[PDB]
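Okay, so here's just one chain, in structure tokens, the form deposited in one PDB entry.
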């Protein structure tokens, strides 16, 4: 029998307004070595991004940003034109790659087809300040100041020690000296260059001193989050993935404190479920759709300006998989982001769950859409409990529901939203949309999601 829970919506309990460019993706900078990938000719991938949002942000960076080198002198090679760069596993040095004027030009045409803005990684790990200034100048010339949200100087600098890029003694003081040298060089070439950083998780040895020192020099704080904790934690499981993560709550509170102290907003510029490219049987499963969609809302309710799910190639956690030659497909995590896209932007409202101790992993978020209509997003992350949700405080005459479904939490396929899979090039329309029975009652199966929209 289902667990009977109450949901009280309070249209006077205003939360944050979700911006229109909240959604986003993150890719490896190595992928720019292939000028066919982020290109105006890549209509398939452009289509998947448009489905995720009419506005959004493409972040290019990652571990490979330290191994990728701008050369204004270079043309793409034959092997460059077929390169597929999945998420870097971090075990060893990436291969050296080269980015060319042609790739940057094609990236501009890609962004023209999507409507998305760009965060672009520069090579602080192994590059020079002069070459970063030259790359920044070319990006600003080609992409333009309207679409270029920020440059990033270094990816995960707090892991440079441990990973070969700097010695074990590298600390914030050393990184600040590096950051200032790059910033100064770039701004001489590009006086309007925007920056974000420090591209780490919230922590005290790096991110708090960064914001204090560089607040007048950055547009916003860029933070990373992975659900998987330290390497010495028990192996990530779907069960663990569905539970609240105290570290996420604490890291988010820290970023909110920084915003209060410095005036700087924050964006989660690289996230996914499990690091080192993801974990087979967790990251590539329908559980990841529930995890992601819930995370999008949890961060929005905390005042995050946006998110960027890491991906590329055929990585276990990528939202979109594929290549220009073979075509692209939506993986299960995409469907959680699709629920958010279908819900749209607007202002968050109070939504309090009660009588839920037997179904403790159910989450719910209420939103007043830009168009005035109330939506509720529910993620029944309980793996063994169906629920029956008695909804009060919504005074609309009727509502409809689109279900986020798969037959098992560990399914790697068979994922649908609104009774339909996503097709080629991001094509999606709901095919099954049922009416919801100031007192609404919604049933949800275990390990499922729903988007309600009221008239």
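Numbering follows the first chain given and starts at 1. Basically, rigid core = biggest C-alpha set you can superpose within 1.5 Å across the two forms.
There is another form of the same protein, the form deposited in another entry; it is not shown, and what comes next is about it.
- Residue shifts between the shown form and the other one, rigid core superposed: of 82, 188, 92, 75, the only C-alpha displaced by 2 Å or more belongs to 75.
- Superposed on the core, the two forms differ at residue 201: its CA moves 2 Å or more between the shown form and the other one.
- If you fit the rigid core between the shown form and the other one, you'll see the Cα of residue 239 move by less than 2 angstroms.
- Core-aligned CA deviation for residue 229 between the shown form and the other one: 2 Å or greater.
- In the other entry, the separation between the C-alpha atoms of residue 66 and residue 201 shrinks by 3 Å or more relative to the displayed form.
- Here's the thing about residue 78 and residue 325: their CA atoms end up at least 3 Å farther apart in the other entry than they are in this form.
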